[PDB]
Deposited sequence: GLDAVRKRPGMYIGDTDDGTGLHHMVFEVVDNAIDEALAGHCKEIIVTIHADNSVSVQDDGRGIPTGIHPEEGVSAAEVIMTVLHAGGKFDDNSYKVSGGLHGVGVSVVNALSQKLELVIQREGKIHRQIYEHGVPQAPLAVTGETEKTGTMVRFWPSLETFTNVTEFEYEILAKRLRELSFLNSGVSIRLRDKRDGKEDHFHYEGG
């Protein structure tokens, strides 16, 4: 359960004081965006540090499934976001004061807001779209993360570059809206 993640965050995300756990939050979501099933023949991932110190990861993959999970009684996307079972977005969700989820799948835009891993409403259709993919934007909880509270572009940049070489064909963009720095990592060897 998510309550166990909030009680002992160190266990699930790593060190919550030296900044390493804070940045693992980002990498955990990125890994899911990389591991996502392709929608077309390529994948693009866009990592954005927003000017309110939130991070969003978006991909152009298939989209997290939105249909009602027959056994759980809520959208499959909600199950993924709220259940423990390379640890999962549910952990990131658990340790985020807010998380926004936008899914584009089956011609429809779906949106859901969480607070400390608790959904504020059911996953809802907000409009129409010709695109597909997932967008997770999260604001880390400062009840969890102490001392180092701010994301560091360079740490993100260095890691995504390393990943780039391991994931040929995948376009990885990094954008910092605080000062306008950006990078593009795209290996095709």
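Counting the deposited sequence from 1, the stretches lacking C-alpha coordinates are 86-102, 207.
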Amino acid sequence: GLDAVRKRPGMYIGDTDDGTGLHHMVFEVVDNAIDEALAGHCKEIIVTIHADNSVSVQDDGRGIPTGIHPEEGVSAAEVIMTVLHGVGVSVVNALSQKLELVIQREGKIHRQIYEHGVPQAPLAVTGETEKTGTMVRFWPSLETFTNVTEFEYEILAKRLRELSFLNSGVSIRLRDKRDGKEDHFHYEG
From here on, numbers count along this sequence of modelled residues.
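Only the largest set of C-alpha atoms that superpose within 1.5 Å between the two forms is called the rigid core.
Where the structures in 9 other deposited structures of this protein are fitted on the rigid core, 87-95 is the one of 111-119 and 87-95 whose C-alphas sit farther from the shown form on average.
Taking 31-39 and 139-147 in turn, the stretch whose Cα atoms are more displaced from the shown form in 9 other deposited structures of this protein following rigid core superposition is 31-39. Stretch comparison (134-142 versus 41-49) by mean CA B-factor in the PDB entry places 41-49 on top. Comparing 171-179 with 8-16, the higher mean C-alpha B-factor in the PDB entry belongs to 8-16.
Between the residues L99, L95, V87, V102, the entry's highest C-alpha temperature factor is the one at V87.
Compared with the other modelled residues of the chain, the Cα B-factor recorded for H110 ranks in the middle third. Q58: CA B factor lies in the middle third for its chain, per the PDB record.
Looking at the C-alpha B-factors along this chain, the one for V118 belongs to the lowest third. Among all modelled residues in this chain, the alpha-carbon of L156 has a temperature factor (C-alpha) in the lowest third.
Ranked within its chain, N32 lands in the highest third, by CA B factor from the PDB record.
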